[PDB]
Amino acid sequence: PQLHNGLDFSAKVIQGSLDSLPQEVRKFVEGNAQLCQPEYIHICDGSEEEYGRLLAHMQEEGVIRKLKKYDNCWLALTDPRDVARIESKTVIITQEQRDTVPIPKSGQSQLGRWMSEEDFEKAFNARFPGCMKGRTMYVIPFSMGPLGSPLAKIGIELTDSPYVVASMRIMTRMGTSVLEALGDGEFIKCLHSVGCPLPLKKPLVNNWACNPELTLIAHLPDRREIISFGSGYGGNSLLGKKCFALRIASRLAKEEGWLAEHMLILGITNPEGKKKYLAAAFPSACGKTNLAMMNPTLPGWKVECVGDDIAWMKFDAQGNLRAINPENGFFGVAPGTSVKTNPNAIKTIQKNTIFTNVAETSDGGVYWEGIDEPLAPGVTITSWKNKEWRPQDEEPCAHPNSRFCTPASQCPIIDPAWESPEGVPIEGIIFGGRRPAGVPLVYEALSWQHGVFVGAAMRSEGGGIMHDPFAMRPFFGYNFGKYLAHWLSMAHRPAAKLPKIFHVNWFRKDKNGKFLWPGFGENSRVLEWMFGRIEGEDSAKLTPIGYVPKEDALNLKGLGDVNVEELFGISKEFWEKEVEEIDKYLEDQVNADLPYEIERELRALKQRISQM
């Protein structure tokens, strides 16, 4: 079927066989091998043997270091230009701009970043041809969701980064069993390169290949493709997680009747043995992983983790909102993780875990701001910049967005249904983020439509207070106004069991800057209130913003120093300015795409505030 050797890359395969691949997977591999010109093709099998050899290869090449204090843990230190997601280099391609993002009246959208097909083809051709020369193209067959679950979706990621292969093995289900479950079905095409073909055109920093100037993380939902160039950093290179399981999946979800969300999923059991599952959307840096893995301070309660970051949710035939965690691991922020703030994370990450951009102690352990573990006198610290470091120094020892990447199976409180293919039944959905003033510890939405407004109106402090609706602002796969209409439409599904919606604020401060609520495992007292409210307990007082706990409804035993008047207070003046601000934002940023029911909820809140 060829006049020379066709596009047959068999001679370059150093693991597996191109002949073993489904036809359309082979076409995707060979077309991109032609384009990108890798030296080798490695078809990943997901085996332990393969993982061992991969880690050895990286260690021998100086790309990662073994952390000798622990069982099979590893440390990567990146070029400091490649440490986080780059929103401004993250784009979605569609025929029409407005299908991706509403058109902002001000000319600056906060809700996504569109690129035309024409501009993208130019950007692609300026980056990918020959980009893998001298490197290995790894072929990662992966499932998002339990292997074979009706809610799961398969991708193929091609990458030139063994760091991406190792981290994908932890964060997804990957290898031959996925190829077998795939057969001749559809898959999301995921193409990644660090963008540094050999011979190197620019010097490597910290032995970490990347191309910051040409970094581009693109999503082509109408082609079912994700194409990412120039960054090796997690959210940009592990294409299953944010690219696929939020941006592409949210659009698929809109078309197919389900939801793909930046939500943890936890199961909570009370002292009577009754168990409920809850989902919660908080922005990055606002504590999802702590809540998901909570060690409750209240006696007789238990929390178990289904996932800490992404939820795929669909109503079943009985009307339950069923949720799965499409991930296979936790890619969690390391700084601030301690026995105090997340003891179950500390237990999970002591074996089989890859750390990126944390500090290293002289006895081969890990360190970061907030770890709250004293070192023995004499033990020294190497920062994430590979310099000696001491606590007086101007800069932190770990990057503030440094991460662990750890298997979910390992977590001592992983829920027994964390891989159940039908998902877990969600009875409450929680929104929240960082509000230093005005917003009380917890309230309950008055209706589904009020609850969708509460998600839509979310704001959180990060370089000042900014809108982050549904905790999805970096992640919408399509126009946010349409996303709101999709959520609202869930109310019209016959016999839907609509979860109760809450909003929390762990971050309210007094006039001195001091947190009013101790948080962490004490948040169990808030979850107890939610649980009772889902049970229909008469534990709520009506206010203009929704229901709050009655006086004495929260268990505050052991917290007598809490300033309940300040923590629970609602000011007419604060809320008048809040509605003022929400109205300006929705008009500027959503305008013609704003659903009527959102506008009505905004008017209803304003009216309730007016009667204060």
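Each residue number is its position in the shown sequence, starting from 1. Whichever C-alpha set is largest while still superposing within 1.5 Å between the two forms counts as the rigid core.
- Greater average departure of CA atoms from the shown form, over structures and residues in 8 other deposited structures of this protein after a core fit, characterises 508-516 among 70-78 and 508-516.
- Note on 342-350 and 102-110: with rigid core alignment, C-alpha atoms in 8 other deposited structures of this protein sit farther from this form for 102-110.
- Mean CA B-factor, 66-74 versus 550-558: the higher value falls on 550-558.
- For the pair 437-445 and 462-470, the mean B factor over Cα atoms is greater in 462-470.
- As recorded in the entry, 205 carries the highest CA temperature factor of 305, 253, 205, 166.
- Between the residues 210, 147, 248, 268, the entry's highest C-alpha temperature factor is the one at 147.
- The deposited CA B-factor of residue 451 belongs to the lowest third of values across its chain.
- Ranked by Cα temperature factor within the chain, residue 19 sits in the highest third according to the deposited record.
- Per the PDB record, residue ranking by Cα B-factor puts residue 291 in the lowest third of the chain.
- Per-chain ranking of the deposited C-alpha B factor places residue 502 in the lowest third.
- Annotation for residue 241: CA B-factor lies in the lowest third of the chain's modelled residues.
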